[PDB]
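run-v5.pdb follows (PDB, C-alpha atoms (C1' of nucleotides)):
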MODEL        1
ATOM      1  CA  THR F   1     102.315  -4.442  70.681  1.00  0.00           C
ATOM      2  CA  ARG F   2     103.047  -4.226  66.952  1.00  0.00           C
ATOM      3  CA  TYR F   3     101.351  -2.081  64.320  1.00  0.00           C
ATOM      4  CA  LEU F   4     101.287  -1.746  60.551  1.00  0.00           C
ATOM      5  CA  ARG F   5     100.984   0.593  57.570  1.00  0.00           C
ATOM      6  CA  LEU F   6      98.618   0.694  54.604  1.00  0.00           C
ATOM      7  CA  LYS F   7      97.880   2.831  51.559  1.00  0.00           C
ATOM      8  CA  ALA F   8      95.295   3.111  48.791  1.00  0.00           C
ATOM      9  CA  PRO F   9      94.766   5.479  45.841  1.00  0.00           C
ATOM     10  CA  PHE F  10      91.038   6.095  46.361  1.00  0.00           C
ATOM     11  CA  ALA F  11      88.719   5.857  49.355  1.00  0.00           C
ATOM     12  CA  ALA F  12      85.301   6.908  50.624  1.00  0.00           C
ATOM     13  CA  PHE F  13      83.911   6.939  54.183  1.00  0.00           C
ATOM     14  CA  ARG F  14      80.312   8.149  54.104  1.00  0.00           C
ATOM     15  CA  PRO F  15      78.953   9.366  57.459  1.00  0.00           C
ATOM     16  CA  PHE F  16      75.663   7.718  58.330  1.00  0.00           C
ATOM     17  CA  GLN F  17      72.313   9.517  58.091  1.00  0.00           C
ATOM     18  CA  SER F  18      73.809  11.849  55.495  1.00  0.00           C
ATOM     19  CA  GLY F  19      70.457  12.245  53.741  1.00  0.00           C
ATOM     20  CA  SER F  20      70.235  13.365  50.124  1.00  0.00           C
ATOM     21  CA  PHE F  21      73.708  14.890  49.750  1.00  0.00           C
ATOM     22  CA  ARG F  22      76.579  12.608  50.744  1.00  0.00           C
ATOM     23  CA  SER F  23      79.782  13.646  52.498  1.00  0.00           C
ATOM     24  CA  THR F  24      82.986  12.100  53.843  1.00  0.00           C
ATOM     25  CA  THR F  25      85.578  12.475  56.590  1.00  0.00           C
ATOM     26  CA  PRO F  26      89.370  12.828  56.217  1.00  0.00           C
ATOM     27  CA  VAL F  27      89.892   9.816  58.514  1.00  0.00           C
ATOM     28  CA  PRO F  28      87.964   6.509  58.446  1.00  0.00           C
ATOM     29  CA  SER F  29      85.682   5.818  61.384  1.00  0.00           C
ATOM     30  CA  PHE F  30      86.590   3.374  64.140  1.00  0.00           C
ATOM     31  CA  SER F  31      83.792   0.973  63.174  1.00  0.00           C
ATOM     32  CA  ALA F  32      85.032   0.799  59.575  1.00  0.00           C
ATOM     33  CA  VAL F  33      88.552   0.124  60.863  1.00  0.00           C
ATOM     34  CA  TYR F  34      87.245  -2.718  63.023  1.00  0.00           C
ATOM     35  CA  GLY F  35      85.310  -4.151  60.085  1.00  0.00           C
ATOM     36  CA  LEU F  36      88.429  -4.059  57.916  1.00  0.00           C
ATOM     37  CA  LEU F  37      90.484  -5.754  60.635  1.00  0.00           C
ATOM     38  CA  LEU F  38      87.857  -8.476  61.056  1.00  0.00           C
ATOM     39  CA  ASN F  39      87.683  -9.024  57.287  1.00  0.00           C
ATOM     40  CA  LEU F  40      91.464  -9.365  56.968  1.00  0.00           C
ATOM     41  CA  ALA F  41      91.410 -11.834  59.871  1.00  0.00           C
ATOM     42  CA  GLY F  42      89.361 -14.246  57.760  1.00  0.00           C
ATOM     43  CA  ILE F  43      86.689 -14.516  60.468  1.00  0.00           C
ATOM     44  CA  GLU F  44      83.123 -13.955  59.308  1.00  0.00           C
ATOM     45  CA  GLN F  45      80.628 -11.747  61.109  1.00  0.00           C
ATOM     46  CA  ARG F  46      78.766 -13.261  64.048  1.00  0.00           C
ATOM     47  CA  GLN F  47      75.405 -12.587  62.371  1.00  0.00           C
ATOM     48  CA  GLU F  48      73.979 -14.786  59.601  1.00  0.00           C
ATOM     49  CA  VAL F  49      70.461 -13.392  59.137  1.00  0.00           C
ATOM     50  CA  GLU F  50      68.561 -11.708  56.315  1.00  0.00           C
ATOM     51  CA  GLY F  51      65.723  -9.207  56.477  1.00  0.00           C
ATOM     52  CA  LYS F  52      65.016  -5.517  56.884  1.00  0.00           C
ATOM     53  CA  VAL F  53      68.106  -5.098  59.096  1.00  0.00           C
ATOM     54  CA  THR F  54      71.353  -7.065  58.801  1.00  0.00           C
ATOM     55  CA  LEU F  55      73.540  -5.667  61.592  1.00  0.00           C
ATOM     56  CA  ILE F  56      72.237  -7.673  64.555  1.00  0.00           C
ATOM     57  CA  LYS F  57      75.535  -7.963  66.446  1.00  0.00           C
ATOM     58  CA  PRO F  58      75.318  -8.746  70.168  1.00  0.00           C
ATOM     59  CA  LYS F  59      78.517  -7.943  72.055  1.00  0.00           C
ATOM     60  CA  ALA F  60      78.528 -11.191  74.053  1.00  0.00           C
ATOM     61  CA  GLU F  61      81.711 -12.688  72.557  1.00  0.00           C
ATOM     62  CA  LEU F  62      84.283 -10.772  70.504  1.00  0.00           C
ATOM     63  CA  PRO F  63      88.100 -10.486  70.600  1.00  0.00           C
ATOM     64  CA  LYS F  64      89.410  -7.510  72.561  1.00  0.00           C
ATOM     65  CA  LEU F  65      91.890  -5.014  71.145  1.00  0.00           C
ATOM     66  CA  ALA F  66      93.078  -1.406  71.329  1.00  0.00           C
ATOM     67  CA  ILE F  67      93.133   0.710  68.165  1.00  0.00           C
ATOM     68  CA  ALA F  68      95.010   3.894  67.274  1.00  0.00           C
ATOM     69  CA  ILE F  69      94.955   5.828  63.994  1.00  0.00           C
ATOM     70  CA  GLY F  70      97.747   7.730  62.276  1.00  0.00           C
ATOM     71  CA  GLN F  71      97.897  10.145  59.345  1.00  0.00           C
ATOM     72  CA  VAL F  72     101.049  11.021  57.410  1.00  0.00           C
ATOM     73  CA  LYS F  73      99.919  13.479  54.714  1.00  0.00           C
ATOM     74  CA  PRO F  74      96.753  15.588  54.346  1.00  0.00           C
ATOM     75  CA  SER F  75      94.558  14.602  51.409  1.00  0.00           C
ATOM     76  CA  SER F  76      92.113  16.722  49.424  1.00  0.00           C
ATOM     77  CA  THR F  77      88.768  15.526  48.048  1.00  0.00           C
ATOM     78  CA  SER F  78      86.688  15.715  44.882  1.00  0.00           C
ATOM     79  CA  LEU F  79      83.000  15.313  44.088  1.00  0.00           C
ATOM     80  CA  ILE F  80      81.130  13.346  41.422  1.00  0.00           C
ATOM     81  CA  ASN F  81      77.454  13.746  40.535  1.00  0.00           C
ATOM     82  CA  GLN F  82      76.188  10.776  38.526  1.00  0.00           C
ATOM     83  CA  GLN F  83      73.288   8.794  40.001  1.00  0.00           C
ATOM     84  CA  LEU F  84      71.924   7.453  43.299  1.00  0.00           C
ATOM     85  CA  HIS F  85      69.607   4.599  44.281  1.00  0.00           C
ATOM     86  CA  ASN F  86      66.642   6.413  45.808  1.00  0.00           C
ATOM     87  CA  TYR F  87      64.454   5.024  48.569  1.00  0.00           C
ATOM     88  CA  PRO F  88      60.846   6.171  48.183  1.00  0.00           C
ATOM     89  CA  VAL F  89      59.832   8.775  50.757  1.00  0.00           C
ATOM     90  CA  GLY F  90      56.452   9.721  49.307  1.00  0.00           C
ATOM     91  CA  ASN F  91      53.159   7.858  48.918  1.00  0.00           C
ATOM     92  CA  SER F  92      54.090   7.597  45.223  1.00  0.00           C
ATOM     93  CA  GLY F  93      52.341   4.775  43.370  1.00  0.00           C
ATOM     94  CA  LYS F  94      51.935   3.498  39.792  1.00  0.00           C
ATOM     95  CA  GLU F  95      54.669   1.219  38.377  1.00  0.00           C
ATOM     96  CA  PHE F  96      56.534   0.749  41.661  1.00  0.00           C
ATOM     97  CA  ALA F  97      53.445  -0.872  43.183  1.00  0.00           C
ATOM     98  CA  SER F  98      52.997  -3.077  40.090  1.00  0.00           C
ATOM     99  CA  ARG F  99      56.120  -5.236  39.746  1.00  0.00           C
ATOM    100  CA  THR F 100      57.550  -5.127  43.300  1.00  0.00           C
ATOM    101  CA  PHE F 101      60.565  -7.425  42.902  1.00  0.00           C
ATOM    102  CA  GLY F 102      63.200  -5.685  45.001  1.00  0.00           C
ATOM    103  CA  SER F 103      61.901  -2.636  43.193  1.00  0.00           C
ATOM    104  CA  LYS F 104      63.744   0.497  44.391  1.00  0.00           C
ATOM    105  CA  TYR F 105      62.231   1.847  41.200  1.00  0.00           C
ATOM    106  CA  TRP F 106      62.282   5.635  41.677  1.00  0.00           C
ATOM    107  CA  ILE F 107      65.669   7.055  40.644  1.00  0.00           C
ATOM    108  CA  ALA F 108      66.927  10.620  41.144  1.00  0.00           C
ATOM    109  CA  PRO F 109      70.573  11.790  41.163  1.00  0.00           C
ATOM    110  CA  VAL F 110      71.890  14.370  43.589  1.00  0.00           C
ATOM    111  CA  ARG F 111      75.626  14.286  44.486  1.00  0.00           C
ATOM    112  CA  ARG F 112      78.425  12.515  46.293  1.00  0.00           C
ATOM    113  CA  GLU F 113      82.147  12.912  46.931  1.00  0.00           C
ATOM    114  CA  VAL F 114      85.321  10.838  47.284  1.00  0.00           C
ATOM    115  CA  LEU F 115      88.930  11.217  48.421  1.00  0.00           C
ATOM    116  CA  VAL F 116      92.022  11.727  46.288  1.00  0.00           C
ATOM    117  CA  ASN F 117      94.583   9.541  48.116  1.00  0.00           C
ATOM    118  CA  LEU F 118      94.958   7.602  51.357  1.00  0.00           C
ATOM    119  CA  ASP F 119      97.987   6.454  53.349  1.00  0.00           C
ATOM    120  CA  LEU F 120      97.706   5.547  57.033  1.00  0.00           C
ATOM    121  CA  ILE F 121      99.852   4.009  59.765  1.00  0.00           C
ATOM    122  CA  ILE F 122      97.392   2.060  61.903  1.00  0.00           C
ATOM    123  CA  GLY F 123      98.287   1.050  65.443  1.00  0.00           C
ATOM    124  CA  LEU F 124      97.002  -2.124  67.096  1.00  0.00           C
ATOM    125  CA  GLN F 125      97.410  -3.689  70.541  1.00  0.00           C
ATOM    126  CA  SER F 126      95.959  -7.197  70.340  1.00  0.00           C
ATOM    127  CA  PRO F 127      96.526 -10.640  71.889  1.00  0.00           C
ATOM    128  CA  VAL F 128      99.012 -12.953  70.217  1.00  0.00           C
ATOM    129  CA  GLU F 129      96.388 -15.362  68.860  1.00  0.00           C
ATOM    130  CA  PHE F 130      94.634 -12.637  66.856  1.00  0.00           C
ATOM    131  CA  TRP F 131      97.943 -11.424  65.412  1.00  0.00           C
ATOM    132  CA  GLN F 132      98.837 -14.989  64.421  1.00  0.00           C
ATOM    133  CA  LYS F 133      95.428 -15.385  62.773  1.00  0.00           C
ATOM    134  CA  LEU F 134      96.038 -12.165  60.828  1.00  0.00           C
ATOM    135  CA  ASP F 135      99.438 -13.483  59.731  1.00  0.00           C
ATOM    136  CA  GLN F 136      97.840 -16.739  58.575  1.00  0.00           C
ATOM    137  CA  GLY F 137      95.137 -14.852  56.683  1.00  0.00           C
ATOM    138  CA  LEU F 138      97.566 -12.511  54.933  1.00  0.00           C
ATOM    139  CA  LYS F 139     100.146 -15.304  54.444  1.00  0.00           C
ATOM    140  CA  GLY F 140      98.669 -18.794  54.485  1.00  0.00           C
ATOM    141  CA  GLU F 141      95.779 -20.942  53.352  1.00  0.00           C
ATOM    142  CA  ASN F 142      85.201  -1.260  46.120  1.00  0.00           C
ATOM    143  CA  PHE F 143      88.619   0.406  45.677  1.00  0.00           C
ATOM    144  CA  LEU F 144      89.302   0.453  49.414  1.00  0.00           C
ATOM    145  CA  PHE F 145      92.653  -1.302  49.979  1.00  0.00           C
ATOM    146  CA  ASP F 146      95.666  -1.498  47.664  1.00  0.00           C
ATOM    147  CA  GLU F 147      98.513  -3.129  49.617  1.00  0.00           C
ATOM    148  CA  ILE F 148      99.567  -3.826  53.203  1.00  0.00           C
ATOM    149  CA  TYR F 149     102.985  -4.335  54.803  1.00  0.00           C
ATOM    150  CA  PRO F 150     104.138  -3.892  58.440  1.00  0.00           C
ATOM    151  CA  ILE F 151     106.799  -1.165  58.719  1.00  0.00           C
ATOM    152  CA  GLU F 152     105.834  -0.240  62.295  1.00  0.00           C
ATOM    153  CA  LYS F 153     109.082   1.057  63.806  1.00  0.00           C
ATOM    154  CA  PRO F 154     110.101   3.550  61.053  1.00  0.00           C
ATOM    155  CA  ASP F 155     107.875   5.975  59.103  1.00  0.00           C
ATOM    156  CA  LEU F 156     106.643   8.185  61.927  1.00  0.00           C
ATOM    157  CA  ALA F 157     103.620  10.440  61.436  1.00  0.00           C
ATOM    158  CA  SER F 158     100.934  12.381  63.286  1.00  0.00           C
ATOM    159  CA  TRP F 159      98.219  10.853  65.470  1.00  0.00           C
ATOM    160  CA  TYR F 160      94.740  11.615  66.810  1.00  0.00           C
ATOM    161  CA  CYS F 161      93.438  12.017  70.351  1.00  0.00           C
ATOM    162  CA  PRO F 162      90.148  13.066  71.977  1.00  0.00           C
ATOM    163  CA  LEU F 163      90.116  16.630  73.279  1.00  0.00           C
ATOM    164  CA  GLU F 164      88.632  17.893  76.551  1.00  0.00           C
ATOM    165  CA  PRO F 165      86.919  21.303  76.843  1.00  0.00           C
ATOM    166  CA  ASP F 166      90.069  23.439  76.880  1.00  0.00           C
ATOM    167  CA  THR F 167      92.168  25.474  74.436  1.00  0.00           C
ATOM    168  CA  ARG F 168      91.224  24.904  70.788  1.00  0.00           C
ATOM    169  CA  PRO F 169      91.865  22.200  68.167  1.00  0.00           C
ATOM    170  CA  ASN F 170      93.246  22.413  64.629  1.00  0.00           C
ATOM    171  CA  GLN F 171      92.471  20.392  61.480  1.00  0.00           C
ATOM    172  CA  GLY F 172      90.157  18.170  63.514  1.00  0.00           C
ATOM    173  CA  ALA F 173      87.677  15.629  62.214  1.00  0.00           C
ATOM    174  CA  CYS F 174      83.968  16.368  62.515  1.00  0.00           C
ATOM    175  CA  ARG F 175      82.336  13.173  63.815  1.00  0.00           C
ATOM    176  CA  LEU F 176      83.517   9.688  64.785  1.00  0.00           C
ATOM    177  CA  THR F 177      81.753   6.495  65.847  1.00  0.00           C
ATOM    178  CA  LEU F 178      82.981   3.762  68.200  1.00  0.00           C
ATOM    179  CA  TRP F 179      80.234   1.116  68.114  1.00  0.00           C
ATOM    180  CA  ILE F 180      76.865   1.164  66.370  1.00  0.00           C
ATOM    181  CA  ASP F 181      74.077  -1.140  65.230  1.00  0.00           C
ATOM    182  CA  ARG F 182      71.519   0.092  62.716  1.00  0.00           C
ATOM    183  CA  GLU F 183      68.596  -0.117  65.149  1.00  0.00           C
ATOM    184  CA  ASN F 184      67.301   1.922  68.083  1.00  0.00           C
ATOM    185  CA  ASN F 185      70.211   2.483  70.478  1.00  0.00           C
ATOM    186  CA  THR F 186      72.345   5.236  72.015  1.00  0.00           C
ATOM    187  CA  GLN F 187      75.004   5.371  69.234  1.00  0.00           C
ATOM    188  CA  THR F 188      78.221   6.858  70.711  1.00  0.00           C
ATOM    189  CA  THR F 189      78.913   9.746  73.067  1.00  0.00           C
ATOM    190  CA  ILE F 190      82.406  10.996  72.207  1.00  0.00           C
ATOM    191  CA  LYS F 191      82.302  12.764  68.833  1.00  0.00           C
ATOM    192  CA  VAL F 192      85.047  15.407  68.641  1.00  0.00           C
ATOM    193  CA  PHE F 193      88.590  14.291  67.817  1.00  0.00           C
ATOM    194  CA  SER F 194      91.670  16.321  66.951  1.00  0.00           C
ATOM    195  CA  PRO F 195      95.128  15.528  65.557  1.00  0.00           C
ATOM    196  CA  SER F 196      98.515  16.387  67.025  1.00  0.00           C
ATOM    197  CA  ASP F 197     101.637  16.822  64.890  1.00  0.00           C
ATOM    198  CA  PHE F 198     104.684  15.318  66.597  1.00  0.00           C
ATOM    199  CA  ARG F 199     107.288  12.809  65.497  1.00  0.00           C
ATOM    200  CA  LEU F 200     107.644  10.314  68.349  1.00  0.00           C
ATOM    201  CA  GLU F 201     105.193   7.615  69.400  1.00  0.00           C
ATOM    202  CA  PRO F 202     101.605   8.616  70.229  1.00  0.00           C
ATOM    203  CA  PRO F 203     100.800   9.248  73.903  1.00  0.00           C
ATOM    204  CA  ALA F 204      98.929   6.796  76.098  1.00  0.00           C
ATOM    205  CA  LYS F 205      95.783   8.903  75.659  1.00  0.00           C
ATOM    206  CA  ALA F 206      95.929   8.379  71.881  1.00  0.00           C
ATOM    207  CA  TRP F 207      95.220   4.646  72.144  1.00  0.00           C
ATOM    208  CA  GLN F 208      91.500   3.921  72.446  1.00  0.00           C
ATOM    209  CA  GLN F 209      90.071   0.634  73.718  1.00  0.00           C
ATOM    210  CA  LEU F 210      87.105  -0.562  71.674  1.00  0.00           C
ATOM    211  CA  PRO F 211      84.268  -2.141  73.699  1.00  0.00           C
ATOM    212  CA  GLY F 212      84.051  -4.772  70.969  1.00  0.00           C
TER     213      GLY F 212
ATOM    214  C1'   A V   1      83.472 -11.012  55.418  1.00  0.00           C
ATOM    215  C1'   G V   2      84.785  -3.218  55.925  1.00  0.00           C
ATOM    216  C1'   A V   3      77.621   1.856  59.417  1.00  0.00           C
ATOM    217  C1'   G V   4      74.605  -3.703  52.996  1.00  0.00           C
ATOM    218  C1'   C V   5      78.124   1.640  48.174  1.00  0.00           C
ATOM    219  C1'   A V   6      75.223  -0.461  42.000  1.00  0.00           C
ATOM    220  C1'   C V   7      70.042   0.101  39.109  1.00  0.00           C
ATOM    221  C1'   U V   8      70.749   7.774  35.248  1.00  0.00           C
ATOM    222  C1'   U V   9      74.544  11.875  32.972  1.00  0.00           C
ATOM    223  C1'   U V  10      70.779  10.016  29.471  1.00  0.00           C
ATOM    224  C1'   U V  11      68.775  11.038  23.546  1.00  0.00           C
ATOM    225  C1'   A V  12      69.417  15.156  18.449  1.00  0.00           C
ATOM    226  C1'   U V  13      72.310  19.851  16.146  1.00  0.00           C
ATOM    227  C1'   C V  14      76.916  23.104   8.885  1.00  0.00           C
ATOM    228  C1'   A V  15      80.001  30.021  12.289  1.00  0.00           C
ATOM    229  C1'   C V  16      77.381  30.399   7.959  1.00  0.00           C
ATOM    230  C1'   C V  17      77.443  34.515   3.581  1.00  0.00           C
ATOM    231  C1'   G V  18      80.381  38.641  -0.384  1.00  0.00           C
ATOM    232  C1'   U V  19      86.041  41.130  -0.651  1.00  0.00           C
ATOM    233  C1'   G V  20      92.719  43.605  -6.943  1.00  0.00           C
ATOM    234  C1'   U V  21      98.227  45.746  -1.064  1.00  0.00           C
ATOM    235  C1'   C V  22      97.306  49.001  -4.510  1.00  0.00           C
ATOM    236  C1'   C V  23     100.001  53.482  -7.746  1.00  0.00           C
ATOM    237  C1'   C V  24     106.057  56.109  -9.566  1.00  0.00           C
ATOM    238  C1'   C V  25     112.085  55.381  -8.945  1.00  0.00           C
ATOM    239  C1'   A V  26     120.161  55.044 -12.604  1.00  0.00           C
ATOM    240  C1'   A V  27     124.325  52.614  -7.492  1.00  0.00           C
ATOM    241  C1'   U V  28     125.556  56.844  -9.982  1.00  0.00           C
ATOM    242  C1'   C V  29     131.043  59.598 -10.682  1.00  0.00           C
ATOM    243  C1'   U V  30     137.737  58.758 -11.605  1.00  0.00           C
ATOM    244  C1'   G V  31     142.235  54.635 -11.499  1.00  0.00           C
ATOM    245  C1'   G V  32     149.683  51.944 -16.462  1.00  0.00           C
ATOM    246  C1'   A V  33     150.706  45.330 -11.029  1.00  0.00           C
ATOM    247  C1'   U V  34     154.232  48.441 -11.700  1.00  0.00           C
ATOM    248  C1'   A V  35     160.778  48.015 -11.330  1.00  0.00           C
ATOM    249  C1'   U V  36     165.896  44.235 -12.471  1.00  0.00           C
ATOM    250  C1'   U V  37     167.501  38.642 -13.621  1.00  0.00           C
ATOM    251  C1'   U V  38     173.395  33.563 -18.640  1.00  0.00           C
ATOM    252  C1'   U V  39     170.215  26.355 -17.057  1.00  0.00           C
ATOM    253  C1'   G V  40     175.373  27.600 -16.695  1.00  0.00           C
ATOM    254  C1'   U V  41     179.583  22.601 -15.948  1.00  0.00           C
ATOM    255  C1'   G V  42     182.136  18.221 -19.290  1.00  0.00           C
ATOM    256  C1'   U V  43     181.999  12.338 -21.538  1.00  0.00           C
ATOM    257  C1'   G V  44     184.865   7.144 -28.576  1.00  0.00           C
TER     258        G V  44
ENDMDL
END
This entry written out as structure tokens:
Amino acid sequence: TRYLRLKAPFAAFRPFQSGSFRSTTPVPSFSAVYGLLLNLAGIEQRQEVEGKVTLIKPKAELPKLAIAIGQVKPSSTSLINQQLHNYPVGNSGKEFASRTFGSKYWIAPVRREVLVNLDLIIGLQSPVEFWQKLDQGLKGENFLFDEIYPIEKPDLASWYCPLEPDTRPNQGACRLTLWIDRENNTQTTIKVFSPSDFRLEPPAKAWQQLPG
RNA sequence: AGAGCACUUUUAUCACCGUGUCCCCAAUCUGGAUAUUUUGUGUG
């Protein structure tokens, strides 16, 4: 129905299972977008549990919505190499096995990278109740978001759309994730996405319906 | 409350040492601002 714009000076979207060296994507993943939308709604996550894993999210009940992503200006990236919180991968021993109070004791720096600027025009098709809840949360009683204001109708920009095995893409993102829980599952099938540069509204294929 | 973003860019250090821009030189040589001009006119 109605959509909104946002911007931020710095951002970072680390792909999962990156390993030692971290990376990022020019466009935030769908799951991160959904998490941001849920956080702004003022509704907490369905899971309240603590342990080895803390993403136990059954899909039994969750508001339905369709999400599109826009991009107005390409952004470069930079890298910083300071420190990282290592997880032991070797038998190791000594001091780590002595104290053992949330130890994470071994430390070794490698790398990581961040973005230079972010400005997106996010598109949402949601029921009226969810939009009203968002309005109440924004107006009522990690350097990721700076400010938000709905300027839907003006300020056109490019969009993204999945591509079928034909022709060739340009300036396309590497990987994208729809739904994921950090345990044994099938992850997501569709990975490749490409942008299209045209002024008017995105096509019907651009909108993607999230299972959650 | 966004695929949970911490635990690290950390601790010391003289670009130092000696070194005359020095030694001679002329702005020199001549030239009539010259030629004429009444402060005149009257008052106890």
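Using all atoms listed in the file, the contacts of stretch 165-173 of chain F at a cut-off of 7 Å, with sequence neighbours closer than 3 positions omitted, comprise residues 25, 26, 192, 193, 194 and 195 of chain F.
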- Item | Residue IDs satisfying the PyMOL selection byres ((chain F) within 8 of (chain V)), as a PyMOL selection string | chain F and resi 15-16+31-39+42-45+54+82-83+85+107-109+142+180-182
- Query: Which residues, written as a VMD selection string, have at least one atom at most 8 Å from residue F:68, with all atoms listed in the file counted and residues fewer than 5 positions away on the same chain left out?
  - Reply: chain F and resid 122 to 124 159 to 160 206 to 208
- Output the residue selection produced by the PyMOL selection byres ((chain F and resi 148) around 12) on the file above, formatted as a PyMOL selection string. chain F and resi 3-8+37+40+119-122+134-135+138-139+144-147+149-152
Starting from 4 Å padding per side, set up an axis-aligned box that covers all listed atoms of stretch 1-9 of chain F and hand over centre and edge lengths in Å, one decimal, as JSON.
{"center_x": 98.9, "center_y": 0.5, "center_z": 58.3, "size_x": 16.3, "size_y": 17.9, "size_z": 32.8}
- So which one's closest to residue F:66, F:133, F:94, F:2, F:99? Using all atoms listed in the file, please. F:2
- Query: the PyMOL selection byres ((chain F and resi 58) around 10) on the file shown: which residues, as an NGL selection string?
  - Reply: :F and (46-47 or 55-57 or 59-62 or 181 or 212)
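You will find atom CA of residue F:71 at 28.9 Å from atom CA of residue F:186.
Restricting the calculation to all atoms listed in the file, the smallest distance between residue F:158 and any of F:95, F:48, F:113, F:197 is found for F:197.
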- Give me, please, the distance in Å between atom CA of residue F:174 and atom CA of residue F:77, quoted to one decimal. 15.3 Å
